[PDB]
Amino acid sequence: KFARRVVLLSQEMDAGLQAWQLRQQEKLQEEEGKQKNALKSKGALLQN
Amino acid sequence: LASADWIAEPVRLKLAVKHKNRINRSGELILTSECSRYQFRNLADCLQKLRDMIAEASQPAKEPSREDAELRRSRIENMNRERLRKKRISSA
Amino acid sequence: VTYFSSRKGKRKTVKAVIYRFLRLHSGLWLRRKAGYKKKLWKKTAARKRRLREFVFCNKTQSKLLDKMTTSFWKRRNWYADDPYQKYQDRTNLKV
Amino acid sequence: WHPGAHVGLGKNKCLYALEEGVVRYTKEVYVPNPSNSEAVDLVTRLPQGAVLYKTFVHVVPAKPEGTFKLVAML
Amino acid sequence: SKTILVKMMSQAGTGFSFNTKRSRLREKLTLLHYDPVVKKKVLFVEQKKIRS
Amino acid sequence: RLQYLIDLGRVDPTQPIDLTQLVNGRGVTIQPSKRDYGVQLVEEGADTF
Amino acid sequence: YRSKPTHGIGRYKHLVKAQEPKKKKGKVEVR
Amino acid sequence: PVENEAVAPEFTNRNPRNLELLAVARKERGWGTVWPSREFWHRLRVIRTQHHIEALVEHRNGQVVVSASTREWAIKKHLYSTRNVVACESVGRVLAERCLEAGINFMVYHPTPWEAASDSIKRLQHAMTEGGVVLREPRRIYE
Amino acid sequence: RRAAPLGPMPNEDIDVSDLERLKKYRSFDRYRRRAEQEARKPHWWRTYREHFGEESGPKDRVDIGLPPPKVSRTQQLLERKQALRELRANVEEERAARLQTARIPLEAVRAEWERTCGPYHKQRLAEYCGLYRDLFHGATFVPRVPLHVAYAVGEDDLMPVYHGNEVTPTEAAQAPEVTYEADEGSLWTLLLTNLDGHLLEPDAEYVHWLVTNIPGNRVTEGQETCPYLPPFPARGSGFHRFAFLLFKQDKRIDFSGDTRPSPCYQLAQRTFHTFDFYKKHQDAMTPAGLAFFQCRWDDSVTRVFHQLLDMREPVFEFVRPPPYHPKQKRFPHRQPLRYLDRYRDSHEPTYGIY
RNA sequence: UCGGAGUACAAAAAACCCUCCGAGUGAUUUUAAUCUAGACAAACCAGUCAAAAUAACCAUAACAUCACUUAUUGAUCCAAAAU
Ligand SMILES: [K+]
Ligand SMILES: [Mg+2]
Ligand SMILES: [Mg+2]
Ligand SMILES: [Mg+2]
Ligand SMILES: [Mg+2]
């Protein structure tokens, strides 16, 4: 019973660490999506 | 409403003018009640409501008026939109 | 409270409770606020309104009054034109 | 604590929420009512570089005012 | 100085009385209360003395 | 309940129905001592009567 | 609150003077 | 059946002014210990600097919707001076026209007690009343 | 356990000592101006603007529009001052100004306001009503060119359409006319859309008018893509916003993929997405003008559903959330007799075995 | 018996024949309504606030004020008065 607890605890910590890494990549990939989804700013650049 | 021959011709047309919100596309006047749980009372309410609609429309002299809180702002928003309408130039 | 009377041997009731309480069939008891007729000019408008309202009694008071009255007053009554007739039964009580 | 947005004030200086929502506490500036002679006098004597700050209690509404639903399709 | 408690009856004819504390040295008091019976403000005058 | 009694044969519409027939049909119980003056008709099942 | 970093944000009594009220018995032009 | 008859049970309206124009939106009731009261949909803000007269109409979010001030070149070249009683009248009339153009017909103005008796402000509101803009916003329905 | 503040305190700049030297406010109107200027700064502590929806605070607005006209400030500064001095020296103006008897040519101010600061004032009007949010999302444009839309209602009466106005559908039954100053060297595109009013989809907008490749001022001579359709707001949900969009295009663009049938009455074919539409032809077109109005329900809407759209008229209603009540206790304590009525399901009495 | 400050230093509560101030009502008019969501407080009895809605009056008007404002007060039964 003690051995199974060690395996269970080791996997949950490892699995939890993987989830945080996925969220960090997801947040960065979402940020570049907004940059590559807006419109080409004409603005004052038309006369520039 | 058009083929309802138990009401007079002036009364029939006045119902359409006042209650045009309840008139279906095919000319079917629709009245609905939801007060009581027993369907006998619900039907009785509809008939009594129908009597009041006909009774007030039947009388030519029956033309009551009232002033409401929403009427005051309705008149103002109607008056304000007439300020811009006053210009009279050749249109399209 | 006389648990056993000396004439018939049944359980008597306290006449003080019935003269100033109303029992609904759901077990709830009804009473008037204390001091609703004393010194009305002194109290504010809100305070007078609060004192003129019927109130319910908590579990201990409700349980206390059930042991002070016999079983005649806990019966189901169908009065004619009773204002409290619609409050007799509880409804939509999820305990 | 002074009342803020969506928070009333009783005659006994108690704060009660007016709309269903989340209670929030905030430090804001204080601009007293001109009809309050004592409060406006305190503001008058303040130096030019200072502003009064007071704590406030807010209730950000959660439920919307209402929604539109189809009741009849004539 | 002691005050007097007097009962004021409506002058609108309806039966409505509310007690008001009044100073003893003052003469008969006359106010403008609001009786719910008529749902309108009506004149009220002092009628009887109840408590000192 | 009045419809329920008739369907099960507790009372019969062929014979006139009064208070006595209801008691013999075990429909309602009347206690004269407890200040009961009879039976009042309510409209709980007017839709399916 | 004391422990919060925003403590004392409402301090004002050190901005205005004390402004000693002219007491009935202590009314004197102490110059 | 008819492909054109498909209607969603719930209709979502994204117009921010829809609730305000129906007098059903929430007014930020409260405060009371501060001034001015922030229980409004639109507030008229009049600022009298020593050189220019500026009048603002603000939403409760802090944004300014329509503004008419003597600092504009359009109004400056038609006024003799920007700090007169006549200048306030011009500001009031110009803002009154723009509010009608912007659809804002109701606003709340809470003047300072001494400004309420001031000659310029007294006649400034007279221009607004005759300009079509009406103060005293309608009461909220089911407040 | 005292903690260190995260930044400068509000009133720590002034010196506590030597109060008499510091000049006071002496007025109440000075404090309000000072307080309001202080209330808009981004303080490090919690503020009212933080919790009550300041719309993400500072936003990097993307500008997609015509560049502002090139104006020389040096020349403008001298000519503006020179014009004022001539008006200043007029004695008759001083006579009227002192006696509080003078008026201004409001029509002249209207013409100059449109040219000078009209584009900027209309920009915040669109932002306040959220036109940019529902059309270009975060992007915004300045209405550089003036635009006029008017409806022919009577024999000669003319209902105008300004920014944020209110127009009854009866006035909008007929097609409007658009007048704007432009030389015969470029092309323009006109688009009228119903931002709110789509039935099945809440994020889509209808199209009521679309004219492609307008030669200069004459709108009629331009190629027509989508025929005009009178507004049809629902009876329940009122005050739908209709926006006129003017696009300036360099080259003749092939607007054939968005072509609609001439007797187009299928609302499924009127589904439109301005951001998607502008995405395809971003290189060619460029927004230049804007004019939008509010529109509620009227009697003329009814015939649109029946005769034109061949649709049963839908009616909505404003429904409020049900009132909240606490969980019912078996023995209510010190509660009024009406405590049971709150949790009653129906007022009709219900009998059981009886 | 009732209120305020310290003891009780920062949510609440917290004692002594403990240390110090008070209350057992006046002045004035703005004479302050009816009805109900939701809560603080509390052994109980009591005490407190209160949106919406209706009426009153600027014709879309409810906090009586001031005196440290906080205390200025008494349950049933019973008796008297118009009910
Ligand atoms: K919509
Ligand atoms: Mg029985
Ligand atoms: Mg509690
Ligand atoms: Mg109210
Ligand atoms: Mg006794």
# chains A, B, ... in the order shown; residues from 1 in each chain; ligands from 1
$ residues_near_ligand --ligand "ligand 4" --cutoff "10 Å" --atoms "only C-alpha atoms (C1' of nucleotides) and all ligand atoms" --output "ChimeraX atom specification"
/H:143 /J:50-53,62
$ closest_atom_pairs --of "chain I" --to "chain F" --cutoff "9 Å" --atoms "only C-alpha atoms" --output "Markdown table"
| residue | atom | partner | partner_atom | distance |
| --- | --- | --- | --- | --- |
| I:349 | CA | F:44 | CA | 8.2 |
| I:350 | CA | F:44 | CA | 6.8 |
| I:351 | CA | F:44 | CA | 6.7 |
| I:353 | CA | F:1 | CA | 7.5 |
| I:354 | CA | F:1 | CA | 6.8 |
$ write_last_selection --atoms "C-alpha atoms" --output "mmCIF file, in the first residue's frame"
data_model
loop_
_atom_site.group_PDB
_atom_site.id
_atom_site.type_symbol
_atom_site.label_atom_id
_atom_site.label_comp_id
_atom_site.auth_asym_id
_atom_site.auth_seq_id
_atom_site.Cartn_x
_atom_site.Cartn_y
_atom_site.Cartn_z
ATOM 1 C CA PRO I 349 -56.207 26.078 -3.278
ATOM 2 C CA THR I 350 -55.373 22.411 -3.836
ATOM 3 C CA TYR I 351 -57.162 19.586 -2.041
ATOM 4 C CA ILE I 353 -57.676 13.053 -0.665
ATOM 5 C CA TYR I 354 -60.708 15.302 -0.162
#
$ residues_near_ligand --ligand "ligand 2" --cutoff "10 Å" --atoms "only C-alpha atoms (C1' of nucleotides) and all ligand atoms" --output "VMD selection string"
(chain C and resid 75 to 78) or (chain F and resid 28 to 36)
$ residues_around --residues "residue 46 of chain H" --least-positions-apart "3" --cutoff "7 Å" --atoms "only C-alpha atoms (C1' of nucleotides)" --output "PyMOL selection string"
chain H and resi 54-56
$ residues_near_ligand --ligand "ligand 5" --cutoff "12 Å" --atoms "only C-alpha atoms (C1' of nucleotides) and all ligand atoms" --output "PyMOL selection string"
(chain C and resi 16) or (chain J and resi 75-78)
$ closest_atom_pairs --of "chain H" --to "ligand 1" --cutoff "9 Å" --atoms "only C-alpha atoms and all ligand atoms" --output "Markdown table"
| residue | atom | partner | partner_atom_place_in_ligand_line | distance |
| --- | --- | --- | --- | --- |
| H:11 | CA | ligand 1 | 1 (K) | 6.1 |
| H:12 | CA | ligand 1 | 1 (K) | 5.2 |
| H:13 | CA | ligand 1 | 1 (K) | 4.9 |
| H:14 | CA | ligand 1 | 1 (K) | 6.8 |
| H:15 | CA | ligand 1 | 1 (K) | 8.8 |
$ residues_near_ligand --ligand "ligand 3" --cutoff "8 Å" --atoms "only C-alpha atoms (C1' of nucleotides) and all ligand atoms" --output "list in words"
residues 40, 41 and 42 of chain J
$ write_last_selection --atoms "N, CA, C and O atoms (P, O5', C5', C4', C3', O3' and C1' of nucleotides)" --output "PDB file, in the first residue's frame"
ATOM      1  P     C J  40     -27.823  38.288   8.459  1.00  0.00           P
ATOM      2  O5'   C J  40     -27.452  39.533   9.378  1.00  0.00           O
ATOM      3  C5'   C J  40     -26.350  40.370   9.059  1.00  0.00           C
ATOM      4  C4'   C J  40     -26.310  41.588   9.945  1.00  0.00           C
ATOM      5  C3'   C J  40     -26.290  41.323  11.442  1.00  0.00           C
ATOM      6  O3'   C J  40     -25.001  41.001  11.932  1.00  0.00           O
ATOM      7  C1'   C J  40     -27.902  42.979  10.961  1.00  0.00           C
ATOM      8  P     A J  41     -24.807  39.771  12.946  1.00  0.00           P
ATOM      9  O5'   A J  41     -25.651  40.192  14.229  1.00  0.00           O
ATOM     10  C5'   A J  41     -25.273  41.310  15.016  1.00  0.00           C
ATOM     11  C4'   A J  41     -26.342  41.665  16.017  1.00  0.00           C
ATOM     12  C3'   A J  41     -26.771  40.549  16.954  1.00  0.00           C
ATOM     13  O3'   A J  41     -25.890  40.379  18.049  1.00  0.00           O
ATOM     14  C1'   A J  41     -28.685  41.591  16.056  1.00  0.00           C
ATOM     15  P     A J  42     -25.405  38.908  18.476  1.00  0.00           P
ATOM     16  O5'   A J  42     -26.623  38.336  19.327  1.00  0.00           O
ATOM     17  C5'   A J  42     -27.123  39.047  20.450  1.00  0.00           C
ATOM     18  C4'   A J  42     -28.557  38.683  20.735  1.00  0.00           C
ATOM     19  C3'   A J  42     -28.814  37.225  21.083  1.00  0.00           C
ATOM     20  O3'   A J  42     -28.554  36.927  22.443  1.00  0.00           O
ATOM     21  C1'   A J  42     -30.356  37.918  19.438  1.00  0.00           C
TER      22        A J  42
END
$ residues_around --residues "residue 33 of chain B" --least-positions-apart "4" --cutoff "7 Å" --atoms "only C-alpha atoms (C1' of nucleotides)" --output "list in words"
residues 42, 45 and 46 of chain B
$ residues_around --residues "residue 8 of chain D" --least-positions-apart "3" --cutoff "12 Å" --atoms "only C-alpha atoms (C1' of nucleotides)" --output "MDAnalysis selection string"
(chainID D and resid 2:5 11:19 56:59) or (chainID H and resid 28:33 39) or (chainID J and resid 49:51)
$ select_by_dssp --residues "segment 12-52 of chain H" --states "strand (DSSP E or B)" --output "count of residues only"
8
$ residues_around --residues "residue 44 of chain E" --least-positions-apart "3" --cutoff "6 Å" --atoms "only C-alpha atoms (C1' of nucleotides)" --output "ChimeraX atom specification"
/E:9-11,30-32
$ write_last_selection --atoms "N, CA and C atoms" --output "compact mmCIF listing (two decimals), in the first residue's frame"
# COMPACT_ATOMS: atom_id res chain seq x y z
N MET E 9 -58.54 65.39 16.60
CA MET E 9 -59.52 64.77 15.72
C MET E 9 -59.55 65.49 14.38
N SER E 10 -59.73 64.73 13.31
CA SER E 10 -59.77 65.30 11.97
C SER E 10 -61.00 66.18 11.80
N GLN E 11 -60.83 67.25 11.02
CA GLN E 11 -61.92 68.14 10.67
C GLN E 11 -62.60 67.75 9.37
N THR E 30 -53.08 73.61 16.28
CA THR E 30 -53.76 73.23 15.05
C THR E 30 -52.71 72.91 14.00
N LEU E 31 -52.76 71.70 13.45
CA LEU E 31 -51.73 71.20 12.54
C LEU E 31 -52.36 70.79 11.22
N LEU E 32 -51.52 70.24 10.34
CA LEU E 32 -51.92 69.76 9.02
C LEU E 32 -51.38 68.33 8.87
$ residues_around --residues "residue 47 of chain D" --least-positions-apart "4" --cutoff "9 Å" --atoms "only C-alpha atoms (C1' of nucleotides)" --output "MDAnalysis selection string"
(chainID D and resid 43 51) or (chainID G and resid 15:16) or (chainID I and resid 14 19 22:25)
$ atom_distance --atom1 "atom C1' of residue 63 of chain J" --atom2 "atom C1' of residue 32 of chain J"
9.3 Å
$ atom_distance --atom1 "atom CA of residue 20 of chain B" --atom2 "atom CA of residue 71 of chain B"
19.6 Å
$ closest_atom_pairs --of "chain H" --to "chain I" --cutoff "6 Å" --atoms "only C-alpha atoms" --output "Markdown table"
| residue | atom | partner | partner_atom | distance |
| --- | --- | --- | --- | --- |
| H:7 | CA | I:199 | CA | 5.3 |
| H:8 | CA | I:200 | CA | 5.1 |
| H:12 | CA | I:202 | CA | 5.8 |
| H:13 | CA | I:196 | CA | 6.0 |
| H:18 | CA | I:239 | CA | 5.8 |
| H:74 | CA | I:112 | CA | 5.6 |
| H:86 | CA | I:100 | CA | 5.8 |
| H:101 | CA | I:162 | CA | 5.6 |
| H:102 | CA | I:164 | CA | 4.7 |
| H:103 | CA | I:165 | CA | 4.6 |
$ interface_residues --of "chain B" --to "chain H" --cutoff "9 Å" --atoms "only C-alpha atoms" --output "PyMOL selection string"
chain B and resi 69-70+73+76-77+79-81+83-84
